[PDB]
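Below: one protein chain in two forms, given as structure tokens, structure 1 then structure 2.
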Structure 1
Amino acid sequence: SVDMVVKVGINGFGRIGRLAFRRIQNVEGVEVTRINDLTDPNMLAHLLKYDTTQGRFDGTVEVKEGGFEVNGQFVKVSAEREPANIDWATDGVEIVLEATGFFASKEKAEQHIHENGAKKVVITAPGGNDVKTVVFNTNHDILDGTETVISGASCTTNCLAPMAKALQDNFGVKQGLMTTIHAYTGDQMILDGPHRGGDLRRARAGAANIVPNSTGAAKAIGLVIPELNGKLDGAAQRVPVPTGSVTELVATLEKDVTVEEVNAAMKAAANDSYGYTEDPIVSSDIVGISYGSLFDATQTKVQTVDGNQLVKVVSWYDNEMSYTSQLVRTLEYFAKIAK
């Protein structure tokens, strides 16, 4: 009314859930009133306070009965394995951040939406072709607030999208192939063992190998940039850094370009979500950043052979914090326009 604060719940207080909670501390229009995971409050409070890659929490965390206090404010913790059994409404939760990795579909996410549950769900991952998929500052205008389940896309999509959109808007994209050189994640095995999803490569020791893997980010780009539907494909190489990633795109364009023209087009597209740098940085320099995507002008190529051009553009992203920053921008916007 005079000071609206929408109540949010987090399902899955993992890497994305905990970092989203950290960022929400500085968002006036939303607050987290309930966390659901599979463990006790002491474990969750400890993992919020201490973070290997993202540093100590900015404030105080104190375990209480049934939850924990953050800077004095109590947050309820439950441990319900089934979303239909989470009584989100008890804590006034209107929007659930679905961050477990197990309910990333329209049908699975709407298990949160019932009389004693929530009203809307933001999936912290691709959610299928039938949910609106949003990269903040690339296509968040597709939201009208009436949606029940939306997707924040993947980390790679949030990196690739502003870069591919800038190529499309300035030069026109014919086709392209992407490789993301990506930090290992919690879905890879720490040492060689049976991967629950049957992936023979994620079965391998993730901090000791270059591990090829599939990704849908390029194949599904049309959900975010319709004019690029079907034009991009890609894959990943997972490598031994615990967070921090980079996306390379090799494309053919509808117009001839120079390296200088490509770089200038990216700089002109820079905003809170898409950064620009000319410094020769490495992955540790992007851990914790707030851009969804950080274009690196030092890696651009335009190769001309017999009058034909291949164009290579490269952008950094902290698959943790870059994605989380985008997710929280989208949540904040969605909450404000919600209906």
Structure 2
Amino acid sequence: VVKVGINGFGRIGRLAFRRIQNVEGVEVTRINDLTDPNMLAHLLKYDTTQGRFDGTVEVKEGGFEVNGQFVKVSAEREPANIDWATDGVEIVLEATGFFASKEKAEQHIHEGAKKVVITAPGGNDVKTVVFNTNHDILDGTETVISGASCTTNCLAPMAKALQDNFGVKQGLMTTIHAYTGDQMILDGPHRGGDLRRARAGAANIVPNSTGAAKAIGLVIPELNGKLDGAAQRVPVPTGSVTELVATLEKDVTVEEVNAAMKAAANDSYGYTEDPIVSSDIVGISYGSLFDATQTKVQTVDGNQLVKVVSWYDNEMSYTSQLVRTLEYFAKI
């Protein structure tokens, strides 16, 4: 029974919680967010995209009581004074976004938590892990690691599969992504200065930058600098799809490509041949779901351009990955 502690109860934090209620070896014994508990309890009970909470949530003095089981809920501002140990928390899921550094993160470790999985990007100190793609790089001596981004978790299994089977020369990625909470609901000043995220998110197709373009080299070394992309935010509250147009070190057919993805299938990387749409991936556990129906292999004058597509619930897919990385990193 791996005891988890969540710091930051946003979309990712709350979904992390939910997902853990369905994973056997793991369970949350301590939550720490700055928001008013009644507010957090309501948001956990009612979710627009992920649906009602599977169970019951009742506010109590120390925290909540989820399905006849008390869960401590604190509102500590600094990792320093979060006595995770009192509740038996051995791993901490840092998802507030204010501790994206090796230093900030380590604060959770005193005696005190033992290991921390960061949601934000790593840097020199932190290793970036996309479960079932490169969690093998973890030896056990790590204290802080990153679960990478939602987009990386979708692109990795797919790109790795292209690399391992045919070898990738280079490629460009385009993600038709759902709008996120950092976009304006209506045209207004985006405190980040982004002239595009300042526009109404659910009323526009909004071009936007991506980090999974380069960061992909931190998960799949042989691809370092080989891939680049962008995104197109669209009016869907959750659910995304990644398109990778690549050039390979070997010629292929649609069937070969599709086959290789099926061969690479597991709990984190699924496979379909059903003509599905966005809504069909809301809430899945796969961090990425290859769509064989969208595969393309254009041949013109002996040269090929390969197109492979993968769907992913930018919310639950990403969360399922975080939860899998947690349970593993904790058992190391």
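Under this definition, the rigid core comprises the largest set of C-alpha atoms superposing within 1.5 Å between the forms. For residue numbers, the reference is structure 1: its sequence is counted from 1.
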Answer among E260, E80, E227, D199 for the CA shift between structures 1 and 2 that reaches 2 Å or more, rigid core superposed: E80
Align on the rigid core first; then say whether the Cα of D187 has moved by at least 2 Å between structures 1 and 2. no
After the core is overlaid between structures 1 and 2, has the C-alpha of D91 moved by 2 angstroms or more? yes
Could you check whether the CA atom of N26 moves 2 Å or more between structures 1 and 2, using the rigid core for the fit? yes
Aligning on the rigid core, one finds that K132 shifts at its CA between structures 1 and 2, in Å, by 0.5
Give me the C-alpha shift of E65 between structures 1 and 2, core superposed, in Å. 2.7
Rigid-core-fitted C-alpha displacement of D141 between structures 1 and 2 (angstrom): 1.0
